[PDB]
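Below: the structure, in structure tokens.
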Amino acid sequence: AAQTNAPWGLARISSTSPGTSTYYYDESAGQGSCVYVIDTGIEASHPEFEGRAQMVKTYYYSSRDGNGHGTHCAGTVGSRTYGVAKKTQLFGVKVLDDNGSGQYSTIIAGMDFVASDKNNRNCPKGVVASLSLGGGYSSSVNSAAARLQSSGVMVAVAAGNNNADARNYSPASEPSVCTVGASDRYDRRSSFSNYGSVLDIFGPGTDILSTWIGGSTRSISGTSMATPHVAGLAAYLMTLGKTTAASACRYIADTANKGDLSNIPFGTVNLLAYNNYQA
Ligand SMILES: [Ca+2]
Ligand SMILES: [Ca+2]
């Protein structure tokens, strides 16, 4: 399948080269997979989600996304226009308040929630969790992310936006999950992206158009935007039967575009998420 005039990041994930604008993907499109977006919530009523999104948990007075961040990330995973995996099921877990903040204790509870809640859902092709969040190093946050992964969920986490080594941030620094840096449309490391040996992969993160609250759209930047490209890619590849939740990060690294990015510090992988879709 071909989506013309796609957001640059979608086109990038299905291309060996920068500078194109059509997204190519197998029409299965992540059908039968599930992606949990652990964030500020998801505006499930947005036409872009087509009834495929729902809120399943909140730790606050409402499950509504009063911020937009979670809606944007969910859109990159699975919206019809802005998403990688256009037929996946999206589940919102609101661990971040409407200012975009959340206590680590709440974030940990949300990860444990997903590990259990997947057993309440129909995800025959597998389960992914996208975590566009983090703060300073915490062994307890990392352990929660490790448990979620161990339980059979493909965990994708943002590297962080500090232009620093991700070893000092969580859950970015948990080795067993998929830690995602950000690139731009010219194949440069995004100016803010964290780096380091713990990164597994890069995805598009500068100037990413997606859904927003109030039934709207906007372009924003961050490792938060790169992460859902990888989460959606994992769901897509799992639906195709090419990989599993436990092995998808490694498979994505195996099949990535190699050596295409500039300003990658010595010791950081030069790997850009790629669907290898061949019609
Ligand atoms: Ca290339
Ligand atoms: Ca890893």
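In the structure tokens, chains take the letters A, B, ... in the order shown, each chain's residues start at 1, and ligands count up from 1 in the order shown.
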With a distance cut-off of 12 Å and only C-alpha atoms, select the neighbouring residues of residue 181 (chain A), excluding the residue or stretch itself and same-chain residues fewer than 2 positions from it, and output the selection as a PDB file with C-alpha atoms, in the first residue's frame.
```
ATOM      1  CA  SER A 132       7.255   8.792  25.611  1.00  0.00           C
ATOM      2  CA  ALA A 156       9.664   1.166  23.378  1.00  0.00           C
ATOM      3  CA  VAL A 157      10.898   4.136  25.437  1.00  0.00           C
ATOM      4  CA  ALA A 158      12.116   7.618  24.622  1.00  0.00           C
ATOM      5  CA  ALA A 159      15.856   8.209  24.987  1.00  0.00           C
ATOM      6  CA  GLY A 160      15.205  11.722  26.321  1.00  0.00           C
ATOM      7  CA  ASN A 161      15.737  15.257  25.072  1.00  0.00           C
ATOM      8  CA  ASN A 162      18.829  16.360  27.018  1.00  0.00           C
ATOM      9  CA  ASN A 163      21.483  16.007  24.277  1.00  0.00           C
ATOM     10  CA  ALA A 164      23.213  13.767  26.808  1.00  0.00           C
ATOM     11  CA  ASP A 165      24.001  10.130  27.485  1.00  0.00           C
ATOM     12  CA  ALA A 166      20.733   8.252  28.100  1.00  0.00           C
ATOM     13  CA  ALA A 172      15.694   5.059  28.793  1.00  0.00           C
ATOM     14  CA  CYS A 178      13.931  -0.609  23.154  1.00  0.00           C
ATOM     15  CA  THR A 179      15.451   2.839  23.728  1.00  0.00           C
ATOM     16  CA  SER A 183      16.414  12.058  13.878  1.00  0.00           C
ATOM     17  CA  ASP A 184      15.365  14.803  11.487  1.00  0.00           C
ATOM     18  CA  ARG A 188      20.715  14.308  11.246  1.00  0.00           C
ATOM     19  CA  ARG A 189      20.572  13.328  14.885  1.00  0.00           C
ATOM     20  CA  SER A 190      17.918  15.633  16.331  1.00  0.00           C
ATOM     21  CA  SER A 191      19.605  18.487  18.190  1.00  0.00           C
ATOM     22  CA  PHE A 192      18.039  17.496  21.522  1.00  0.00           C
ATOM     23  CA  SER A 193      18.263  13.717  21.213  1.00  0.00           C
ATOM     24  CA  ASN A 194      20.025  11.772  23.889  1.00  0.00           C
ATOM     25  CA  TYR A 195      22.640   9.277  22.749  1.00  0.00           C
ATOM     26  CA  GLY A 196      24.881   6.563  24.200  1.00  0.00           C
ATOM     27  CA  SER A 197      25.468   2.840  24.126  1.00  0.00           C
ATOM     28  CA  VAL A 198      22.034   2.098  25.608  1.00  0.00           C
ATOM     29  CA  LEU A 199      20.193   3.391  22.538  1.00  0.00           C
ATOM     30  CA  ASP A 200      18.866   0.597  20.349  1.00  0.00           C
ATOM     31  CA  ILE A 201      17.522   2.579  17.413  1.00  0.00           C
ATOM     32  CA  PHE A 202      16.636   6.013  16.020  1.00  0.00           C
ATOM     33  CA  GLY A 203      13.310   7.104  14.629  1.00  0.00           C
ATOM     34  CA  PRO A 204      11.886  10.323  13.169  1.00  0.00           C
ATOM     35  CA  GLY A 205      11.551  12.909  15.929  1.00  0.00           C
ATOM     36  CA  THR A 206      11.955  16.459  14.555  1.00  0.00           C
ATOM     37  CA  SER A 221       9.497  17.512  18.101  1.00  0.00           C
ATOM     38  CA  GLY A 222      11.034  15.157  20.625  1.00  0.00           C
ATOM     39  CA  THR A 223      12.249  11.670  21.359  1.00  0.00           C
ATOM     40  CA  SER A 224       8.603  11.369  22.416  1.00  0.00           C
ATOM     41  CA  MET A 225       7.745  11.507  18.676  1.00  0.00           C
ATOM     42  CA  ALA A 226      10.446   9.000  17.640  1.00  0.00           C
ATOM     43  CA  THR A 227       9.317   6.392  20.177  1.00  0.00           C
ATOM     44  CA  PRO A 228       5.805   5.798  18.719  1.00  0.00           C
ATOM     45  CA  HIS A 229       7.277   5.347  15.227  1.00  0.00           C
ATOM     46  CA  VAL A 230       9.214   2.389  16.645  1.00  0.00           C
ATOM     47  CA  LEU A 261      22.597   9.431  10.203  1.00  0.00           C
ATOM     48  CA  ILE A 264      25.945  10.237  15.850  1.00  0.00           C
ATOM     49  CA  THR A 268      26.112   5.201  19.686  1.00  0.00           C
ATOM     50  CA  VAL A 269      24.393   2.995  17.107  1.00  0.00           C
ATOM     51  CA  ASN A 270      23.863   4.486  13.656  1.00  0.00           C
ATOM     52  CA  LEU A 271      20.585   2.651  12.974  1.00  0.00           C
ATOM     53  CA  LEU A 272      17.357   4.175  11.648  1.00  0.00           C
ATOM     54  CA  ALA A 273      14.071   2.264  11.946  1.00  0.00           C
TER      55      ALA A 273
END
```
Just want the 9 Å neighbourhood of region 242-253 of chain A, counted on only C-alpha atoms, with same-chain residues fewer than 2 positions away dropped. Output as a compact mmCIF listing (two decimals) with N, CA, C and O atoms, in the first residue's frame.
```
# COMPACT_ATOMS: atom_id res chain seq x y z
N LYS A 125 -1.87 -10.90 17.54
CA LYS A 125 -0.59 -10.65 16.89
C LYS A 125 0.47 -10.07 17.82
O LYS A 125 1.62 -9.93 17.42
N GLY A 126 0.10 -9.76 19.06
CA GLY A 126 1.05 -9.30 20.04
C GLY A 126 0.77 -7.90 20.56
O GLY A 126 -0.11 -7.17 20.07
N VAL A 127 1.55 -7.54 21.57
CA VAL A 127 1.32 -6.36 22.40
C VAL A 127 2.60 -5.52 22.47
O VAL A 127 3.70 -6.06 22.68
N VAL A 128 2.43 -4.21 22.33
CA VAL A 128 3.49 -3.22 22.38
C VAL A 128 3.10 -2.16 23.42
O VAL A 128 1.90 -1.91 23.62
N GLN A 149 8.44 -5.67 29.78
CA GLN A 149 9.05 -6.37 28.66
C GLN A 149 9.07 -7.89 28.87
O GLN A 149 8.66 -8.67 28.00
N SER A 150 9.54 -8.32 30.04
CA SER A 150 9.60 -9.74 30.38
C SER A 150 8.24 -10.42 30.26
O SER A 150 8.15 -11.59 29.87
N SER A 151 7.16 -9.69 30.58
CA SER A 151 5.82 -10.23 30.55
C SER A 151 5.31 -10.51 29.14
O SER A 151 4.21 -11.05 29.00
N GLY A 152 6.05 -10.12 28.10
CA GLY A 152 5.64 -10.36 26.73
C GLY A 152 5.09 -9.14 26.01
O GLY A 152 4.25 -9.28 25.12
N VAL A 153 5.57 -7.96 26.37
CA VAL A 153 5.20 -6.72 25.71
C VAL A 153 6.44 -6.08 25.11
O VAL A 153 7.48 -6.00 25.78
N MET A 154 6.35 -5.66 23.85
CA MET A 154 7.44 -4.94 23.24
C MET A 154 7.45 -3.52 23.80
O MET A 154 6.56 -2.73 23.47
N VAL A 155 8.41 -3.22 24.67
CA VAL A 155 8.47 -1.91 25.29
C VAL A 155 9.42 -0.99 24.52
O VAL A 155 10.61 -1.32 24.37
N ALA A 156 8.89 0.14 24.05
CA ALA A 156 9.66 1.17 23.38
C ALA A 156 9.62 2.41 24.26
O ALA A 156 8.53 2.84 24.67
N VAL A 177 14.72 -3.01 27.33
CA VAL A 177 13.66 -2.42 26.51
C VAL A 177 14.28 -1.82 25.24
O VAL A 177 15.48 -1.95 25.02
N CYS A 178 13.46 -1.18 24.41
CA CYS A 178 13.93 -0.61 23.15
C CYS A 178 14.02 0.91 23.32
O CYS A 178 12.97 1.58 23.38
N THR A 179 15.23 1.43 23.45
CA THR A 179 15.45 2.84 23.73
C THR A 179 15.68 3.61 22.42
O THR A 179 16.58 3.26 21.64
N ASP A 200 19.02 1.71 21.28
CA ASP A 200 18.87 0.60 20.35
C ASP A 200 18.67 1.03 18.90
O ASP A 200 18.99 0.28 17.98
N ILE A 201 18.08 2.21 18.70
CA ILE A 201 17.52 2.58 17.41
C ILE A 201 17.20 4.06 17.43
O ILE A 201 16.96 4.64 18.50
N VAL A 230 8.68 3.72 16.36
CA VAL A 230 9.21 2.39 16.65
C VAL A 230 8.16 1.45 17.23
O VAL A 230 8.08 0.28 16.84
N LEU A 233 5.97 0.50 14.39
CA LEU A 233 6.70 -0.41 13.52
C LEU A 233 6.70 -1.82 14.10
O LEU A 233 6.48 -2.81 13.38
N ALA A 234 6.96 -1.93 15.40
CA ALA A 234 6.94 -3.24 16.05
C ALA A 234 5.58 -3.91 15.87
O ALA A 234 5.52 -5.10 15.52
N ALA A 235 4.49 -3.18 16.12
CA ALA A 235 3.16 -3.76 15.99
C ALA A 235 2.94 -4.26 14.56
O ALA A 235 2.41 -5.37 14.35
N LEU A 237 5.23 -5.17 12.33
CA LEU A 237 6.07 -6.34 12.04
C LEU A 237 5.55 -7.60 12.75
O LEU A 237 5.65 -8.72 12.21
N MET A 238 5.01 -7.43 13.94
CA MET A 238 4.41 -8.54 14.68
C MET A 238 3.16 -9.06 13.96
O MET A 238 2.97 -10.28 13.83
N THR A 239 2.31 -8.17 13.45
CA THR A 239 1.18 -8.61 12.65
C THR A 239 1.62 -9.42 11.42
O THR A 239 0.98 -10.39 11.06
N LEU A 240 2.73 -9.02 10.80
CA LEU A 240 3.26 -9.76 9.67
C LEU A 240 3.88 -11.11 10.07
O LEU A 240 4.22 -11.90 9.21
N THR A 255 17.38 -4.96 10.95
CA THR A 255 16.83 -4.62 9.65
C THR A 255 16.85 -3.11 9.38
O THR A 255 16.36 -2.67 8.33
N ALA A 256 17.44 -2.34 10.30
CA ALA A 256 17.49 -0.90 10.18
C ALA A 256 18.32 -0.44 8.99
O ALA A 256 19.22 -1.13 8.51
N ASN A 257 18.08 0.81 8.58
CA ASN A 257 19.05 1.49 7.72
C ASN A 257 20.30 1.80 8.55
O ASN A 257 20.21 2.39 9.63
N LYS A 258 21.45 1.37 8.03
CA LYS A 258 22.71 1.47 8.75
C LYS A 258 23.57 2.61 8.22
O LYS A 258 23.74 2.76 7.00
N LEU A 271 21.64 3.56 13.43
CA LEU A 271 20.58 2.65 12.97
C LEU A 271 19.28 3.43 12.98
O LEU A 271 18.91 3.99 14.02
N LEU A 272 18.59 3.43 11.84
CA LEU A 272 17.36 4.17 11.65
C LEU A 272 16.25 3.18 11.30
O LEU A 272 16.37 2.40 10.35
N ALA A 273 15.17 3.21 12.07
CA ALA A 273 14.07 2.26 11.95
C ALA A 273 13.55 2.22 10.51
O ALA A 273 13.30 3.27 9.90
N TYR A 274 13.34 1.01 10.01
CA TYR A 274 13.01 0.78 8.61
C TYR A 274 12.15 -0.48 8.49
O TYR A 274 12.47 -1.52 9.05
N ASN A 275 11.03 -0.39 7.76
CA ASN A 275 10.11 -1.50 7.64
C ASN A 275 10.47 -2.54 6.60
O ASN A 275 9.86 -3.61 6.58
```
Residues of region 34-274 of chain A in strand (DSSP E) according to DSSP, as a VMD selection string?
chain A and resid 34 to 39 53 to 58 89 to 94 126 to 131 135 to 136 153 to 158 169 to 170 178 to 183 201 to 204 208 to 212 216 to 220 257 to 258 271 to 272
Around ligand 1, which protein and nucleic acid residues have at least one atom no more than 6 Å from it, if we count only C-alpha atoms and all ligand atoms? List them as a VMD selection string.
chain A and resid 16 to 17 257 260
List the spatial neighbours of region 49-64 of chain A as a PDB file with N, CA, C and O atoms, in the first residue's frame - criterion: any atom at most 9 Å away, only C-alpha atoms, same-chain residues fewer than 3 positions off excluded.
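Listed below is the output, part_39.pdb:
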```
ATOM      1  N   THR A  40      -0.255  11.034  28.601  1.00  0.00           N
ATOM      2  CA  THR A  40      -1.270  11.943  29.130  1.00  0.00           C
ATOM      3  C   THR A  40      -2.695  11.521  28.759  1.00  0.00           C
ATOM      4  O   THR A  40      -3.641  12.254  29.073  1.00  0.00           O
ATOM      5  N   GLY A  41      -2.870  10.362  28.119  1.00  0.00           N
ATOM      6  CA  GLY A  41      -4.172   9.942  27.632  1.00  0.00           C
ATOM      7  C   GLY A  41      -4.220   9.967  26.112  1.00  0.00           C
ATOM      8  O   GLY A  41      -3.222  10.250  25.444  1.00  0.00           O
ATOM      9  N   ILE A  42      -5.402   9.672  25.576  1.00  0.00           N
ATOM     10  CA  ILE A  42      -5.658   9.683  24.140  1.00  0.00           C
ATOM     11  C   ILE A  42      -7.051  10.229  23.938  1.00  0.00           C
ATOM     12  O   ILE A  42      -7.996   9.720  24.556  1.00  0.00           O
ATOM     13  N   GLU A  43      -7.213  11.208  23.049  1.00  0.00           N
ATOM     14  CA  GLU A  43      -8.555  11.664  22.666  1.00  0.00           C
ATOM     15  C   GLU A  43      -9.128  10.651  21.683  1.00  0.00           C
ATOM     16  O   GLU A  43      -8.999  10.782  20.463  1.00  0.00           O
ATOM     17  N   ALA A  44      -9.741   9.612  22.233  1.00  0.00           N
ATOM     18  CA  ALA A  44     -10.207   8.484  21.438  1.00  0.00           C
ATOM     19  C   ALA A  44     -11.271   8.873  20.416  1.00  0.00           C
ATOM     20  O   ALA A  44     -11.409   8.214  19.388  1.00  0.00           O
ATOM     21  N   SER A  45     -12.004   9.946  20.682  1.00  0.00           N
ATOM     22  CA  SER A  45     -13.038  10.405  19.755  1.00  0.00           C
ATOM     23  C   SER A  45     -12.478  11.064  18.493  1.00  0.00           C
ATOM     24  O   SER A  45     -13.247  11.383  17.597  1.00  0.00           O
ATOM     25  N   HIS A  46     -11.162  11.268  18.414  1.00  0.00           N
ATOM     26  CA  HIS A  46     -10.625  11.939  17.247  1.00  0.00           C
ATOM     27  C   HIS A  46     -10.937  11.099  15.994  1.00  0.00           C
ATOM     28  O   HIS A  46     -10.724   9.903  15.985  1.00  0.00           O
ATOM     29  N   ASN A  67      -3.899  17.546  27.592  1.00  0.00           N
ATOM     30  CA  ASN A  67      -2.618  18.111  27.197  1.00  0.00           C
ATOM     31  C   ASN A  67      -2.417  18.089  25.677  1.00  0.00           C
ATOM     32  O   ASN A  67      -2.147  19.115  25.065  1.00  0.00           O
ATOM     33  N   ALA A  74      -0.032   8.711  20.234  1.00  0.00           N
ATOM     34  CA  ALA A  74      -0.943   7.679  19.744  1.00  0.00           C
ATOM     35  C   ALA A  74      -1.201   7.811  18.256  1.00  0.00           C
ATOM     36  O   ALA A  74      -1.331   6.807  17.536  1.00  0.00           O
ATOM     37  N   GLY A  75      -1.306   9.051  17.776  1.00  0.00           N
ATOM     38  CA  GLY A  75      -1.495   9.276  16.357  1.00  0.00           C
ATOM     39  C   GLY A  75      -0.345   8.758  15.510  1.00  0.00           C
ATOM     40  O   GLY A  75      -0.565   8.199  14.418  1.00  0.00           O
ATOM     41  N   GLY A  78      -0.720   4.887  15.378  1.00  0.00           N
ATOM     42  CA  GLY A  78      -1.853   4.196  14.787  1.00  0.00           C
ATOM     43  C   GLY A  78      -2.976   5.010  14.183  1.00  0.00           C
ATOM     44  O   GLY A  78      -4.000   4.425  13.829  1.00  0.00           O
ATOM     45  N   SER A  79      -2.850   6.325  14.035  1.00  0.00           N
ATOM     46  CA  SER A  79      -3.904   7.056  13.334  1.00  0.00           C
ATOM     47  C   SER A  79      -3.933   6.720  11.845  1.00  0.00           C
ATOM     48  O   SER A  79      -2.926   6.321  11.257  1.00  0.00           O
ATOM     49  N   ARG A  80      -5.089   6.945  11.230  1.00  0.00           N
ATOM     50  CA  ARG A  80      -5.250   6.615   9.823  1.00  0.00           C
ATOM     51  C   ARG A  80      -4.279   7.395   8.917  1.00  0.00           C
ATOM     52  O   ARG A  80      -3.690   6.805   8.009  1.00  0.00           O
ATOM     53  N   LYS A  86      -1.746   1.408  10.884  1.00  0.00           N
ATOM     54  CA  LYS A  86      -3.019   2.089  10.697  1.00  0.00           C
ATOM     55  C   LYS A  86      -4.246   1.266  11.081  1.00  0.00           C
ATOM     56  O   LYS A  86      -5.348   1.800  11.087  1.00  0.00           O
ATOM     57  N   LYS A  87      -4.051  -0.014  11.427  1.00  0.00           N
ATOM     58  CA  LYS A  87      -5.157  -0.876  11.845  1.00  0.00           C
ATOM     59  C   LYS A  87      -4.946  -1.471  13.232  1.00  0.00           C
ATOM     60  O   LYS A  87      -5.710  -2.352  13.638  1.00  0.00           O
ATOM     61  N   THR A  88      -3.929  -1.005  13.971  1.00  0.00           N
ATOM     62  CA  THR A  88      -3.728  -1.513  15.323  1.00  0.00           C
ATOM     63  C   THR A  88      -4.819  -1.015  16.278  1.00  0.00           C
ATOM     64  O   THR A  88      -5.538  -0.046  16.011  1.00  0.00           O
ATOM     65  N   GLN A  89      -4.943  -1.710  17.404  1.00  0.00           N
ATOM     66  CA  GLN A  89      -5.771  -1.278  18.522  1.00  0.00           C
ATOM     67  C   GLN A  89      -4.916  -0.449  19.472  1.00  0.00           C
ATOM     68  O   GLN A  89      -3.826  -0.868  19.854  1.00  0.00           O
ATOM     69  N   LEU A  90      -5.413   0.732  19.842  1.00  0.00           N
ATOM     70  CA  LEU A  90      -4.700   1.666  20.713  1.00  0.00           C
ATOM     71  C   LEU A  90      -5.385   1.698  22.075  1.00  0.00           C
ATOM     72  O   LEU A  90      -6.605   1.893  22.163  1.00  0.00           O
ATOM     73  N   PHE A  91      -4.589   1.534  23.133  1.00  0.00           N
ATOM     74  CA  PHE A  91      -5.091   1.590  24.502  1.00  0.00           C
ATOM     75  C   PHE A  91      -4.360   2.683  25.264  1.00  0.00           C
ATOM     76  O   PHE A  91      -3.131   2.675  25.351  1.00  0.00           O
ATOM     77  N   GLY A  92      -5.104   3.630  25.836  1.00  0.00           N
ATOM     78  CA  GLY A  92      -4.504   4.724  26.566  1.00  0.00           C
ATOM     79  C   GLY A  92      -4.434   4.442  28.058  1.00  0.00           C
ATOM     80  O   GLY A  92      -5.420   4.016  28.671  1.00  0.00           O
ATOM     81  N   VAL A  93      -3.263   4.715  28.633  1.00  0.00           N
ATOM     82  CA  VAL A  93      -3.021   4.607  30.077  1.00  0.00           C
ATOM     83  C   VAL A  93      -2.487   5.960  30.523  1.00  0.00           C
ATOM     84  O   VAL A  93      -1.357   6.330  30.171  1.00  0.00           O
ATOM     85  N   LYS A  94      -3.307   6.707  31.269  1.00  0.00           N
ATOM     86  CA  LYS A  94      -2.969   8.079  31.632  1.00  0.00           C
ATOM     87  C   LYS A  94      -2.187   8.104  32.949  1.00  0.00           C
ATOM     88  O   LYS A  94      -2.761   8.122  34.052  1.00  0.00           O
ATOM     89  N   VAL A  95      -0.858   8.040  32.814  1.00  0.00           N
ATOM     90  CA  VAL A  95       0.063   8.179  33.945  1.00  0.00           C
ATOM     91  C   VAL A  95       0.589   9.605  34.101  1.00  0.00           C
ATOM     92  O   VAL A  95       1.198   9.917  35.129  1.00  0.00           O
ATOM     93  N   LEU A  96       0.381  10.450  33.091  1.00  0.00           N
ATOM     94  CA  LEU A  96       0.831  11.838  33.117  1.00  0.00           C
ATOM     95  C   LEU A  96      -0.387  12.734  33.220  1.00  0.00           C
ATOM     96  O   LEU A  96      -1.402  12.507  32.559  1.00  0.00           O
ATOM     97  N   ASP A  97      -0.264  13.759  34.050  1.00  0.00           N
ATOM     98  CA  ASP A  97      -1.329  14.720  34.216  1.00  0.00           C
ATOM     99  C   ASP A  97      -1.421  15.649  33.009  1.00  0.00           C
ATOM    100  O   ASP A  97      -0.668  15.512  32.026  1.00  0.00           O
ATOM    101  N   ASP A  98      -2.366  16.582  33.056  1.00  0.00           N
ATOM    102  CA  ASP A  98      -2.582  17.454  31.899  1.00  0.00           C
ATOM    103  C   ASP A  98      -1.495  18.503  31.675  1.00  0.00           C
ATOM    104  O   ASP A  98      -1.488  19.190  30.639  1.00  0.00           O
ATOM    105  N   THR A 106       3.436   6.541  40.038  1.00  0.00           N
ATOM    106  CA  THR A 106       2.299   6.374  39.134  1.00  0.00           C
ATOM    107  C   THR A 106       2.711   5.708  37.820  1.00  0.00           C
ATOM    108  O   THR A 106       2.017   4.832  37.288  1.00  0.00           O
ATOM    109  N   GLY A 110       1.464   2.183  36.232  1.00  0.00           N
ATOM    110  CA  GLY A 110       0.945   2.069  34.885  1.00  0.00           C
ATOM    111  C   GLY A 110       1.601   0.979  34.066  1.00  0.00           C
ATOM    112  O   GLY A 110       0.936   0.304  33.270  1.00  0.00           O
ATOM    113  N   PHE A 113       0.308  -2.216  35.325  1.00  0.00           N
ATOM    114  CA  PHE A 113      -1.049  -2.305  34.830  1.00  0.00           C
ATOM    115  C   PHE A 113      -1.084  -2.922  33.429  1.00  0.00           C
ATOM    116  O   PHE A 113      -1.873  -3.825  33.168  1.00  0.00           O
ATOM    117  N   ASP A 117      -3.088  -6.048  32.218  1.00  0.00           N
ATOM    118  CA  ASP A 117      -4.269  -5.705  31.448  1.00  0.00           C
ATOM    119  C   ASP A 117      -4.261  -6.333  30.066  1.00  0.00           C
ATOM    120  O   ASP A 117      -5.334  -6.574  29.505  1.00  0.00           O
TER     121      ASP A 117
END
```
Can you work out the spacing between CA of residue 277 (chain A) and CA of residue 10 (chain A) in Å, to one decimal?
12.3 Å
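Among the candidates A:173, A:102, A:210, A:36, the one nearest to ligand 2 when counting only C-alpha atoms and all ligand atoms is A:173.
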Atom pair CA of residue 73 (chain A) / CA of residue 241 (chain A): separation (Å)
24.2 Å
May I have the residues within 12 Å of residue 139 (chain A) as a ChimeraX atom specification, using only C-alpha atoms and disregarding those fewer than 3 positions away in the same chain?
/A:104,108,135-136,142-146,167-175
Sel. of alpha helix (DSSP H) residues, region 17-251 of chain A, as a PyMOL selection string:
chain A and resi 69-78+104-117+139-150+223-239+248-251
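Atom to atom, CA of residue 214 (chain A) and CA of residue 111 (chain A) stand 27.2 Å apart.
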When you count only C-alpha atoms, which of these residues is closest to residue 213 (chain A): A:116, A:71, A:263, A:15?
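That would be A:71, the residue with the smallest distance to residue 213 (chain A).
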Just want the 8 Å neighbourhood of residue 236 (chain A), counted on only C-alpha atoms, with same-chain residues fewer than 5 positions away dropped. Output as a list in words.
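The contact residues come out as residues 28, 29, 30, 31, 33, 84, 85 and 88 of chain A.
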Would you mind telling me which residue in A:262, A:267, A:176, A:276 lies nearest to ligand 2 when using only C-alpha atoms and all ligand atoms?
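Of the candidates, the smallest distance to ligand 2 is held by A:176.
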